[PDB]
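Participant: Please see the structure below; I have some questions.
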Amino acid sequence: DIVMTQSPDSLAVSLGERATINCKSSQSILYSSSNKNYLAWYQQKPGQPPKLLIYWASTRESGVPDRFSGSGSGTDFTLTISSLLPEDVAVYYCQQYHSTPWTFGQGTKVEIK
Amino acid sequence: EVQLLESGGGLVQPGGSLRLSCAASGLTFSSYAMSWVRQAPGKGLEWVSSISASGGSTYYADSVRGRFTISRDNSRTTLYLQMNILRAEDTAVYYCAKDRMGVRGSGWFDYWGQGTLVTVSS
Amino acid sequence: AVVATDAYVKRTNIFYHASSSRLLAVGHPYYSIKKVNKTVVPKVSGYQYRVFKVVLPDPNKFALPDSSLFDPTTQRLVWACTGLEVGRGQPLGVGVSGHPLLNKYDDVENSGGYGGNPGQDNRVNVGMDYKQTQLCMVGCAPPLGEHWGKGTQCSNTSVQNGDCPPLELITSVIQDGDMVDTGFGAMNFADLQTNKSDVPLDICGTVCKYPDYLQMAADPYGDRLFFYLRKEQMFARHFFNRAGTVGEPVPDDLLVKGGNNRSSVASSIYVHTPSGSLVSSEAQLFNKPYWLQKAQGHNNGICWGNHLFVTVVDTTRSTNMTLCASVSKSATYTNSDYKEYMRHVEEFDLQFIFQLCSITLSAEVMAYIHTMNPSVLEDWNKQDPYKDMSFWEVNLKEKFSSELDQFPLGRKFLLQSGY
Amino acid sequence: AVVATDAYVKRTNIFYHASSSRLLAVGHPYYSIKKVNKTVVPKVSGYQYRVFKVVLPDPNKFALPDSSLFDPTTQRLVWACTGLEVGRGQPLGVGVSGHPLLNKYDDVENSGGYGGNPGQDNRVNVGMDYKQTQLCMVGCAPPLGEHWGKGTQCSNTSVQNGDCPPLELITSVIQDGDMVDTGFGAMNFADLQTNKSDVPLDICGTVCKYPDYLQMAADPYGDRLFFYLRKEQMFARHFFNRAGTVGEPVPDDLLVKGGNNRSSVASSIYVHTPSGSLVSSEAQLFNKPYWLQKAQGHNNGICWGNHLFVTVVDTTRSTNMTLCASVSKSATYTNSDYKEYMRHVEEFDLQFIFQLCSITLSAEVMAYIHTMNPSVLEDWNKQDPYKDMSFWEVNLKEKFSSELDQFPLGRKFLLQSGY
Amino acid sequence: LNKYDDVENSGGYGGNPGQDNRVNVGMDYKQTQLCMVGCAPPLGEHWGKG
Amino acid sequence: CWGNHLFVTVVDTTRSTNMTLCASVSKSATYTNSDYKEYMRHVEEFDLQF
Amino acid sequence: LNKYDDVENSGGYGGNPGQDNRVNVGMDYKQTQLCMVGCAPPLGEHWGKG
Amino acid sequence: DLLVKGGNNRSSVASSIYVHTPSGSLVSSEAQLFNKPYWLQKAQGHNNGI
Amino acid sequence: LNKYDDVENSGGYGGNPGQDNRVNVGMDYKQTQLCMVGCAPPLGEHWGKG
């Protein structure tokens, strides 16, 4: 079973600054023929169901602010919040849907400083 | 305008059974595959079980296989989870999640339910 | 008036056996792959009509064993069909067709939903198998086939876009490669349906026909068919629903209106999926000799103009084989190392036994034959609609032989006749 | 020209009965287990051709009641077959085949919406049962079988990798242990499918064959089959796709392009799952005697060269039993304490009644036989074409006896004939 | 059409009906072939309100 | 046949394929399906001989 | 009706019932036809408490 | 040599011991053997019902 | 009863057989009828450990 490790621990980002979060798998996720990385990034607020942020490791969901971004390949991935606002305090998770069982990360808690 | 409502949580003695249900409001239910996702109190998100759009095929995790069961009701537009031989490790909050693709579905979820709490103790 | 051929043709005791030998066709089962140049791979399927035009040698020029047994001036000769056998090869199987994007809004057998509205392009990948059919026909002219086509709208109020096209029953000639109805009807799917996503690929761009037994039976002379056999079966497997704007809404008096999300009445165009139950060796018609004893009409198996037309449909052996080719080789089973192809192969062996007949051309006989078919008289001494039609030409000019006992059908014929 | 065997061969009243006693075979049903030495455990399956070569004693050499009737110098003797019975044991059943890693993407019989494109290695564990077949043929020479194989391309432009291989119809001789068509195709699955994951483990690396009746019925002498019986049936259970790049995409004019989530057209290579129907005992062909009276060729049940070939296929008794062996013992049912094995067992009983025949060797008769077969005349005083071929050899040299009533089939024969 | 629940193989009591629980249903009918010939039109029986 | 009359009653449900027709009101790039109107028709063909 | 689980093609271990696991079930019976004629009323057998 | 090796969780080939579940088709009264007398006309063997 | 997966519609490589994966299974058997008459008790054949 693919174990996803979120390298940065719960980190506090200053006001109006970028935030970076790294996700790593124990197997290669990329498919070489079509250049597809099977990775999704979710956001959850305290007490509410989590909301989708990124899919295919690059594409962005409708209604999601452009401030978020995702990148990476192979076994390394990063999610970056270009600008920080008070509404972005949440807990973020990375999921792989390359192979069953579909596993989520341990979750990283992002909070203002 | 798509909503998901869950019902069936409560206390139950160890070894007993339970049933959860999830109702979808403004959605073409017959198209999208769906899943149940557990979350322990204070821990991370864990997959449980998934069903095909037409209900033909189902998938379970290793720790869940044999005890739980997932079912579909397209005419009444409801999703069922039957829980058998409960343990103390299953006290958590359960989520009714909707996939993106239809026939078997790629494993990322667009909309989620509100979540219902299941407790197994004395 | 019309008189039977028995009245004015006399039969002799000369018998001949002709075999076409093994015939093969290989090609794609759905469409025909043509490159920029031409059609390298034809379209071969089990749900197609097989029309064989068999060409016989001219009995007049053909050197008979005896030329002194007939009058060279006052008599002519013609070939009369006596028996035949159609041999198929390959194992029994069934063929799967479908559409990657087919119009199927919802399942209505054990599902009915009144949730969200139907958006644009609700199409699904659907595969099925067709209705089971077998048929064999023999005649002098290609058979007639009926289908339903768009009618001609005359001088009237100009129709708005979207009005129901008028329907007409169009009769035509069944040529080689024309498809057969598969449980969706017998219509010109190219003209009566515009979306091009309502039926599987192998019929969504062509016409499906059904033999016209009533008119072919009502014909006066009886040259269209001497002999036919048919056997078909199907059942309804799944019921579903089509998506689109409804042309004719349900009348108010037939239902009680609903509320909330039930106010919008769902689509009411209901369709099913055909199937064929079981293929078994005890229901087949081929690989069996038929002795054409008495014709249904007046033409009693006489072949005018040295022609013969044999029509075959057989969906009992219709397996579509799948081939795989390896573009490259990688470490552990990449899906992009392999290319997939679909093929269908069809094999025949047609065997016939013919008899010789002679006609005495008196005044009444000459006049009657002139009234019936002027070509028969003009030949005994030319534009023909068969010129532009596509058939499968089987030539038997150098395959006649009277050594009956040396061929299988010859042995069966000699044993059956007893003498 | 070819004459019937009834002319130059004269039968006698000297009947004989022989039997092969019980024949047993035990082995793995999918692949033959072999250690570093060789095949310790053979491969025995219910979907294999069983070809028995029965070797008969020489009529001239062995003992006769009296030699006053025949002339040793001006005459010779051959053995002719006049009846047989093939008896099978073990209860009726159905055998299950499968593949741990089979190429199957989606089940398209009934679905909703679209899903994404295949990744790499989308392969699943699939089991199924096959098309139901049972046949039996008998002849002097081994039967022929047809299949579809890769073709050799002549001198032309060098083909790029991944092209569709050309197809050829190949005819060969069936040997003991060859597989049968199973509703997937009668084709070479080892050459034409390179991924090795498209059909179950039985036939994923072998050649399926189908009897070639059309050409064995057109042999000039007809030594390949005296008689044959066959019964087949199947139906289609499930339908599904395949994963891999499509060699020939759907033409641009046959479909209307979609948008958004229906943009990428799904795979249009459709396959079904065969299934035999209900197994019964009233449909059986075996455990029933057959009386050879008239053959379909010219050779009327006369054995040349003191050998005979029997080909049998029976898939109605094909249960794979399962055995379990205990490695150790634990407290509460450890799953790793047991080891699971698969066996298949087959049991046969072949019984024949033969008749003694004499041939008068005149000059023209001798010339005719020499033209037909040189080995026959050579032996009436070498390398056989069966040097490399495989058969199940059954010797019946010391098993001929004229006490007909003492054996079960002899009483049936005496009831039938009456004398 | 007035269909509520599928009782061929059922599990649990989901609940009681509300108002307007009707679904879109299709099916195929009983198979019949029939031919009468007579001088007068045939009589047919049915069940009506008393 | 009294009065120069006959009555023939026929029921045959074994040929009851409901044909579906589609007509186009407009043309769009990517299959809007609001362009298409769907109609349904059924046809009976008879031939009585006495 | 008293019915706990479906055991035909249902993987899963056996849970212990609680109280009143009954469900609403419908079916159809075995097909039968019978006709007898006599002078005395016919006899019939069944199994009862002894 | 009978398979092409997979990767990731496909590396360990799954079990290949396949079993099925039997079932009789239909019970009917026209297929019974019993409740009908049998007359031993001629035996198959030498002992003729002694 | 020892059963792991229903390979008819399954085969996902997402788990391995653990310890004690047995499930409750019910079924009906192959349908048989047989009647034999003989002076001596009939023989039967089975497969036993060697």
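Each chain in the structure tokens gets a letter, A, B and so on, in the order shown; residues start at 1 in every chain, and ligands are counted from 1 in the order they appear.
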Quick one: superpose chain I on chain E on all Cα atoms, same order, and give the RMSD.

Facilitator: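 Computed on C-alpha atoms only, the RMSD stands at 0.9 Å.
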
Participant: Could you work out which residues of chain I fall inside 6 Å of chain D? Count only C-alpha atoms, and format the result as a PyMOL selection string.

Facilitator: chain I and resi 7-8+11-12+19-20

Participant: Write out as number ranges by chain every residue belonging to chain G that has an atom at most 10 Å from any atom of chain B, counting only C-alpha atoms.

Facilitator: G: 10-18

Participant: Excluding residue 32 of chain E and its own-chain neighbours fewer than 5 positions away, which residues fall within 10 Å of it when counting only C-alpha atoms? Please give them as a ChimeraX atom specification.

Facilitator: /F:11-14

Participant: Could you please tell me, as JSON, numbers by chain, which residues of chain I have an atom within 7 Å of chain H when using only C-alpha atoms?

Facilitator: {"I": [13, 28, 29, 30, 31]}

Participant: Could those selected residues go to a file with C-alpha atoms, as a JSON list (two decimals), in the first residue's frame?

Facilitator:
[["chain", "number", "residue", "atom", "x", "y", "z"],
["I", 13, "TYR", "CA", -5.58, -6.30, -6.77],
["I", 28, "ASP", "CA", -28.66, -26.20, -3.93],
["I", 29, "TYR", "CA", -27.02, -29.25, -5.47],
["I", 30, "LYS", "CA", -27.00, -31.02, -8.81],
["I", 31, "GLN", "CA", -30.31, -32.72, -9.55]]

Participant: Near residue 27 of chain D, counting only C-alpha atoms, which residues have an atom at most 7 Å away, once you skip same-chain residues fewer than 3 positions from it, shown as a PyMOL selection string?

Facilitator: chain D and resi 41-44+343-345

Participant: Keeping C-alpha atoms for every residue in the selection just given, could you write it to a file as a PDB file, in the first residue's frame?

Facilitator:
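Writing the result to result.pdb gives the following:
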ATOM      1  CA  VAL D  41       2.792 -34.260 -13.622  1.00  0.00           C
ATOM      2  CA  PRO D  42       1.323 -34.019 -17.139  1.00  0.00           C
ATOM      3  CA  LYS D  43      -1.396 -31.606 -18.274  1.00  0.00           C
ATOM      4  CA  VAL D  44      -4.833 -33.231 -18.476  1.00  0.00           C
ATOM      5  CA  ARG D 343      -6.240 -32.200 -10.297  1.00  0.00           C
ATOM      6  CA  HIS D 344      -8.314 -33.420 -13.215  1.00  0.00           C
ATOM      7  CA  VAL D 345      -8.986 -37.113 -13.813  1.00  0.00           C
TER       8      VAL D 345
END

Participant: What is the atom CA of residue 204 of chain C to atom CA of residue 237 of chain D distance in Å?

Facilitator: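 The value is 24.9 Å.
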
Participant: Within 12 Å of residue 166 of chain D, counting only C-alpha atoms, which residues show up once you throw out same-chain ones fewer than 4 positions away? Write them as a PyMOL selection string, please.

Facilitator: (chain C and resi 26-27+41+323-325+341+343) or (chain D and resi 148-154+159+191-192)

Participant: Enumerate, in order of chain and increasing residue number, the residues of chain G with an atom no farther than 8 Å from chain E, each with its shortest atom pair and distance in Å to one decimal, counting only C-alpha atoms, as a tab-separated table.

Facilitator:
residue	atom	partner	partner_atom	distance
G:21	CA	E:12	CA	7.7
G:22	CA	E:12	CA	7.7
G:23	CA	E:12	CA	5.8
G:24	CA	E:7	CA	6.5
G:25	CA	E:7	CA	5.1
G:26	CA	E:7	CA	5.4
G:27	CA	E:8	CA	6.2

Participant: Tell me the residues of chain E close to chain F, meaning within 10 Å using only C-alpha atoms, as a VMD selection string.

Facilitator: chain E and resid 29 to 42

Participant: Would you kindly report the residues of chain F within 10 Å of chain D, using only C-alpha atoms, as a ChimeraX atom specification?

Facilitator: /F:29-32

Participant: What does the file look like for those residues with C-alpha atoms, as a compact mmCIF listing (two decimals), in the first residue's frame?

Facilitator:
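Final file, out.txt:
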# COMPACT_ATOMS: atom_id res chain seq x y z
CA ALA F 29 -20.55 22.39 -32.38
CA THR F 30 -20.66 19.73 -29.65
CA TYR F 31 -23.99 17.86 -29.54
CA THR F 32 -26.23 20.18 -27.51

Participant: For atom CA of residue 301 of chain D and atom CA of residue 52 of chain D, quote the distance in Å rounded to one decimal.

Facilitator: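 Distance reported for this atom pair: 16.7 Å.
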
Participant: Counting only C-alpha atoms, which residues of chain A fall within 7 Å of chain B, and what is the closest atom pair for each with its distance in Å at one decimal, ordered by chain and rising number, as CSV?

Facilitator:
residue,atom,partner,partner_atom,distance
A:40,CA,B:108,CA,6.7
A:48,CA,B:114,CA,7.0
A:49,CA,B:114,CA,6.0
A:52,CA,B:110,CA,6.2
A:97,CA,B:107,CA,5.3
A:101,CA,B:61,CA,6.6
A:102,CA,B:47,CA,6.7
A:103,CA,B:47,CA,6.8
A:104,CA,B:45,CA,6.3
A:106,CA,B:44,CA,5.9
A:107,CA,B:44,CA,6.6

Participant: Write the residues of the selection above to a file with C-alpha atoms, as a tab-separated table (two decimals), in the first residue's frame.

Facilitator:
chain	number	residue	atom	x	y	z
A	40	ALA	CA	-5.36	15.41	-5.54
A	48	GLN	CA	-17.09	20.98	8.09
A	49	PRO	CA	-16.57	18.44	5.31
A	52	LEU	CA	-11.49	19.87	-3.13
A	97	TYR	CA	-5.64	7.56	-6.67
A	101	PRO	CA	-6.62	1.23	-1.68
A	102	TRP	CA	-6.89	4.98	-2.14
A	103	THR	CA	-4.84	6.49	0.70
A	104	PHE	CA	-4.86	9.98	2.17
A	106	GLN	CA	-1.48	12.40	7.48
A	107	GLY	CA	-2.73	15.96	6.94

Participant: Apply DSSP to the backbone of this structure and, from segment 247-400 of chain C, keep only the residues in strand (DSSP E); write these as a ChimeraX atom specification.

Facilitator: /C:270-275,279-280,290-291,302-303,307-314,321-326,338-360,392-395

Participant: Keeping only N, CA and C atoms, take the residues you just selected and write them out as a short mmCIF file (atom, residue, chain, number, x, y, z; two decimals), in the first residue's frame.

Facilitator:
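again_7.cif written:
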data_model
loop_
_atom_site.label_atom_id
_atom_site.label_comp_id
_atom_site.auth_asym_id
_atom_site.auth_seq_id
_atom_site.Cartn_x
_atom_site.Cartn_y
_atom_site.Cartn_z
N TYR C 270 -39.31 5.11 -24.96
CA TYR C 270 -38.79 3.91 -24.32
C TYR C 270 -38.24 2.95 -25.35
N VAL C 271 -37.02 2.46 -25.11
CA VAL C 271 -36.31 1.57 -26.02
C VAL C 271 -35.77 0.40 -25.21
N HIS C 272 -35.55 -0.73 -25.87
CA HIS C 272 -34.97 -1.90 -25.23
C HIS C 272 -33.71 -2.35 -25.95
N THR C 273 -33.05 -3.35 -25.37
CA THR C 273 -31.84 -3.93 -25.95
C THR C 273 -32.12 -5.37 -26.36
N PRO C 274 -31.98 -5.71 -27.63
CA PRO C 274 -32.30 -7.08 -28.06
C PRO C 274 -31.24 -8.07 -27.62
N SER C 275 -31.61 -9.35 -27.66
CA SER C 275 -30.64 -10.41 -27.43
C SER C 275 -31.13 -11.68 -28.10
N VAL C 279 -27.30 -20.42 -29.11
CA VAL C 279 -26.93 -21.01 -30.38
C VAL C 279 -26.65 -22.49 -30.15
N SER C 280 -27.24 -23.34 -30.99
CA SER C 280 -27.12 -24.78 -30.82
C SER C 280 -27.01 -25.43 -32.19
N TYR C 290 -30.59 -29.33 -49.66
CA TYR C 290 -32.00 -29.15 -49.95
C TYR C 290 -32.29 -29.61 -51.37
N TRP C 291 -33.31 -30.45 -51.53
CA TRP C 291 -33.74 -30.91 -52.85
C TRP C 291 -34.94 -30.07 -53.27
N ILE C 302 -36.18 -22.81 -63.08
CA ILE C 302 -35.59 -22.65 -64.41
C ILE C 302 -34.76 -21.39 -64.39
N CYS C 303 -33.53 -21.48 -64.88
CA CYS C 303 -32.58 -20.37 -64.83
C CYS C 303 -32.51 -19.71 -66.20
N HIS C 307 -28.13 -17.32 -65.36
CA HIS C 307 -27.90 -16.59 -64.13
C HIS C 307 -28.43 -17.40 -62.96
N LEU C 308 -27.92 -17.09 -61.77
CA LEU C 308 -28.51 -17.60 -60.55
C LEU C 308 -28.19 -16.64 -59.42
N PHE C 309 -29.13 -16.45 -58.50
CA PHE C 309 -28.93 -15.56 -57.37
C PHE C 309 -29.19 -16.32 -56.09
N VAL C 310 -28.21 -16.33 -55.19
CA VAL C 310 -28.32 -17.01 -53.91
C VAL C 310 -28.10 -15.98 -52.81
N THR C 311 -29.06 -15.87 -51.89
CA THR C 311 -29.00 -14.90 -50.81
C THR C 311 -28.90 -15.64 -49.49
N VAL C 312 -27.90 -15.28 -48.69
CA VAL C 312 -27.61 -15.95 -47.43
C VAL C 312 -27.46 -14.91 -46.33
N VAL C 313 -28.08 -15.16 -45.18
CA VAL C 313 -27.80 -14.45 -43.94
C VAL C 313 -27.64 -15.49 -42.84
N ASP C 314 -26.55 -15.41 -42.09
CA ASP C 314 -26.28 -16.39 -41.04
C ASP C 314 -25.48 -15.71 -39.94
N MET C 321 -12.74 -11.74 -33.78
CA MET C 321 -11.47 -11.99 -33.12
C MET C 321 -10.72 -10.69 -32.86
N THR C 322 -9.88 -10.72 -31.83
CA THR C 322 -9.09 -9.58 -31.41
C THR C 322 -7.61 -9.93 -31.54
N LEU C 323 -6.86 -9.09 -32.23
CA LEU C 323 -5.43 -9.28 -32.43
C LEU C 323 -4.68 -8.19 -31.69
N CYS C 324 -3.46 -8.51 -31.26
CA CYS C 324 -2.62 -7.57 -30.54
C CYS C 324 -1.23 -7.56 -31.15
N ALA C 325 -0.66 -6.36 -31.27
CA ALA C 325 0.69 -6.20 -31.79
C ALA C 325 1.51 -5.38 -30.81
N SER C 326 2.81 -5.65 -30.75
CA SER C 326 3.68 -5.07 -29.74
C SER C 326 4.52 -3.96 -30.36
N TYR C 338 1.15 -1.89 -26.65
CA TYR C 338 0.35 -2.81 -27.43
C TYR C 338 -0.70 -2.04 -28.22
N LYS C 339 -1.00 -2.55 -29.41
CA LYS C 339 -2.04 -2.03 -30.28
C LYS C 339 -3.05 -3.13 -30.55
N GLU C 340 -4.33 -2.78 -30.48
CA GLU C 340 -5.42 -3.73 -30.56
C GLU C 340 -6.17 -3.58 -31.88
N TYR C 341 -6.54 -4.71 -32.47
CA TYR C 341 -7.26 -4.72 -33.74
C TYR C 341 -8.40 -5.72 -33.65
N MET C 342 -9.44 -5.48 -34.45
CA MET C 342 -10.60 -6.35 -34.51
C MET C 342 -10.75 -6.88 -35.93
N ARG C 343 -11.05 -8.17 -36.05
CA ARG C 343 -11.20 -8.78 -37.37
C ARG C 343 -12.36 -9.76 -37.36
N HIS C 344 -12.98 -9.92 -38.52
CA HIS C 344 -13.97 -10.95 -38.73
C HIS C 344 -13.65 -11.68 -40.02
N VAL C 345 -13.82 -13.00 -40.00
CA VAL C 345 -13.51 -13.87 -41.13
C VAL C 345 -14.72 -14.74 -41.43
N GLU C 346 -15.04 -14.88 -42.71
CA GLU C 346 -16.21 -15.63 -43.15
C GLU C 346 -15.79 -16.58 -44.26
N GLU C 347 -16.25 -17.83 -44.19
CA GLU C 347 -15.85 -18.87 -45.12
C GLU C 347 -17.06 -19.63 -45.62
N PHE C 348 -17.12 -19.84 -46.94
CA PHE C 348 -18.23 -20.50 -47.61
C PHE C 348 -17.72 -21.62 -48.51
N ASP C 349 -18.65 -22.50 -48.88
CA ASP C 349 -18.41 -23.49 -49.93
C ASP C 349 -19.77 -23.87 -50.51
N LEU C 350 -20.10 -23.30 -51.67
CA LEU C 350 -21.40 -23.48 -52.29
C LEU C 350 -21.33 -24.62 -53.30
N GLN C 351 -22.29 -25.55 -53.22
CA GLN C 351 -22.32 -26.69 -54.13
C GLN C 351 -23.71 -26.82 -54.73
N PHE C 352 -23.77 -27.03 -56.04
CA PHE C 352 -25.02 -27.05 -56.78
C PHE C 352 -25.07 -28.29 -57.66
N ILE C 353 -26.29 -28.75 -57.92
CA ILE C 353 -26.56 -29.79 -58.90
C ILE C 353 -27.64 -29.28 -59.83
N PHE C 354 -27.33 -29.22 -61.12
CA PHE C 354 -28.19 -28.68 -62.16
C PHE C 354 -28.64 -29.77 -63.12
N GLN C 355 -29.73 -29.50 -63.83
CA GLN C 355 -30.27 -30.39 -64.84
C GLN C 355 -30.44 -29.64 -66.14
N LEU C 356 -30.45 -30.38 -67.25
CA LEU C 356 -30.59 -29.81 -68.58
C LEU C 356 -32.04 -29.88 -69.04
N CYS C 357 -32.50 -28.81 -69.70
CA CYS C 357 -33.86 -28.73 -70.21
C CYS C 357 -33.85 -28.07 -71.58
N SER C 358 -34.84 -28.43 -72.41
CA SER C 358 -34.94 -27.94 -73.77
C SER C 358 -36.35 -27.43 -74.04
N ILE C 359 -36.44 -26.40 -74.88
CA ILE C 359 -37.69 -25.71 -75.17
C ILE C 359 -37.93 -25.73 -76.67
N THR C 360 -39.13 -26.12 -77.08
CA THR C 360 -39.52 -26.11 -78.49
C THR C 360 -40.22 -24.80 -78.81
N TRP C 392 -21.57 -10.64 -55.49
CA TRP C 392 -20.37 -11.47 -55.45
C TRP C 392 -20.45 -12.45 -56.61
N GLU C 393 -19.63 -12.22 -57.63
CA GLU C 393 -19.69 -13.03 -58.85
C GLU C 393 -18.95 -14.34 -58.65
N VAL C 394 -19.67 -15.45 -58.80
CA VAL C 394 -19.08 -16.78 -58.75
C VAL C 394 -19.20 -17.37 -60.15
N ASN C 395 -18.06 -17.64 -60.77
CA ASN C 395 -18.02 -18.15 -62.14
C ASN C 395 -17.86 -19.66 -62.10
#

Participant: Compile the residues of chain B that lie within 10 Å of chain C, evaluated using only C-alpha atoms, and express the compilation as a PDB file with N, CA and C atoms, in the first residue's frame.

Facilitator:
ATOM      1  N   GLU B   1     -26.488  23.522  -5.746  1.00  0.00           N
ATOM      2  CA  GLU B   1     -27.830  23.114  -5.350  1.00  0.00           C
ATOM      3  C   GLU B   1     -27.886  21.615  -5.096  1.00  0.00           C
ATOM      4  N   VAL B   2     -26.718  20.982  -5.066  1.00  0.00           N
ATOM      5  CA  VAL B   2     -26.591  19.563  -4.757  1.00  0.00           C
ATOM      6  C   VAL B   2     -26.355  19.431  -3.261  1.00  0.00           C
ATOM      7  N   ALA B  24     -29.458  12.290  -1.549  1.00  0.00           N
ATOM      8  CA  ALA B  24     -28.976  13.298  -2.485  1.00  0.00           C
ATOM      9  C   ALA B  24     -30.150  14.036  -3.110  1.00  0.00           C
ATOM     10  N   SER B  25     -30.046  15.364  -3.179  1.00  0.00           N
ATOM     11  CA  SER B  25     -31.198  16.209  -3.483  1.00  0.00           C
ATOM     12  C   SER B  25     -31.267  16.633  -4.948  1.00  0.00           C
ATOM     13  N   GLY B  26     -30.276  17.381  -5.425  1.00  0.00           N
ATOM     14  CA  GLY B  26     -30.376  18.003  -6.734  1.00  0.00           C
ATOM     15  C   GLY B  26     -29.418  17.424  -7.748  1.00  0.00           C
ATOM     16  N   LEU B  27     -29.316  16.102  -7.768  1.00  0.00           N
ATOM     17  CA  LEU B  27     -28.245  15.406  -8.456  1.00  0.00           C
ATOM     18  C   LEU B  27     -28.809  14.257  -9.276  1.00  0.00           C
ATOM     19  N   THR B  28     -28.250  14.061 -10.466  1.00  0.00           N
ATOM     20  CA  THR B  28     -28.556  12.874 -11.262  1.00  0.00           C
ATOM     21  C   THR B  28     -27.811  11.714 -10.619  1.00  0.00           C
ATOM     22  N   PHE B  29     -28.492  11.032  -9.700  1.00  0.00           N
ATOM     23  CA  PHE B  29     -27.832  10.045  -8.852  1.00  0.00           C
ATOM     24  C   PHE B  29     -27.331   8.851  -9.654  1.00  0.00           C
ATOM     25  N   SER B  30     -27.997   8.529 -10.758  1.00  0.00           N
ATOM     26  CA  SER B  30     -27.666   7.317 -11.490  1.00  0.00           C
ATOM     27  C   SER B  30     -26.342   7.396 -12.232  1.00  0.00           C
ATOM     28  N   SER B  31     -25.685   8.554 -12.254  1.00  0.00           N
ATOM     29  CA  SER B  31     -24.486   8.720 -13.066  1.00  0.00           C
ATOM     30  C   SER B  31     -23.195   8.567 -12.268  1.00  0.00           C
ATOM     31  N   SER B  54     -23.897   2.085 -11.249  1.00  0.00           N
ATOM     32  CA  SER B  54     -25.083   1.247 -11.322  1.00  0.00           C
ATOM     33  C   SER B  54     -25.200   0.271 -10.161  1.00  0.00           C
ATOM     34  N   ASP B  73     -29.576   2.778  -3.864  1.00  0.00           N
ATOM     35  CA  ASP B  73     -31.012   2.830  -4.144  1.00  0.00           C
ATOM     36  C   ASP B  73     -31.223   3.985  -5.117  1.00  0.00           C
ATOM     37  N   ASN B  74     -31.141   3.691  -6.414  1.00  0.00           N
ATOM     38  CA  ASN B  74     -31.226   4.757  -7.403  1.00  0.00           C
ATOM     39  C   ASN B  74     -32.647   5.285  -7.547  1.00  0.00           C
ATOM     40  N   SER B  75     -33.656   4.419  -7.412  1.00  0.00           N
ATOM     41  CA  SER B  75     -35.039   4.865  -7.549  1.00  0.00           C
ATOM     42  C   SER B  75     -35.428   5.823  -6.433  1.00  0.00           C
ATOM     43  N   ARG B  76     -35.010   5.536  -5.205  1.00  0.00           N
ATOM     44  CA  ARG B  76     -35.220   6.435  -4.079  1.00  0.00           C
ATOM     45  C   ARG B  76     -34.045   7.376  -3.850  1.00  0.00           C
ATOM     46  N   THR B  77     -32.965   7.235  -4.621  1.00  0.00           N
ATOM     47  CA  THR B  77     -31.792   8.113  -4.571  1.00  0.00           C
ATOM     48  C   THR B  77     -31.192   8.187  -3.167  1.00  0.00           C
ATOM     49  N   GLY B 102     -18.023   8.601 -13.908  1.00  0.00           N
ATOM     50  CA  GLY B 102     -19.239   7.841 -13.723  1.00  0.00           C
ATOM     51  C   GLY B 102     -19.162   6.344 -13.522  1.00  0.00           C
ATOM     52  N   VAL B 103     -18.592   5.595 -14.468  1.00  0.00           N
ATOM     53  CA  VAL B 103     -18.865   4.159 -14.520  1.00  0.00           C
ATOM     54  C   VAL B 103     -18.252   3.436 -13.323  1.00  0.00           C
TER      55      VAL B 103
END

Participant: Counting only C-alpha atoms, what is within 9 Å of residue 17 of chain F, bar same-chain residues fewer than 5 positions away, as a VMD selection string?

Facilitator: (chain C and resid 183 to 185) or (chain F and resid 42 to 43)

Participant: Output the contact residues of chain A with respect to chain D at a cut-off of 12 Å, based on only C-alpha atoms, as a list in words.

Facilitator: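 Using only C-alpha atoms, chain A residues at most 12 Å from chain D: residues 29, 30, 31, 32, 33, 34, 35, 36, 37, 38, 56, 97, 98, 99 and 100 of chain A.
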
Participant: Which neighbours of residue 60 of chain C fall inside 8 Å, counting only C-alpha atoms, when residues of the same chain fewer than 3 positions from it are skipped, and could you give them as a ChimeraX atom specification?

Facilitator: /C:63,76-77
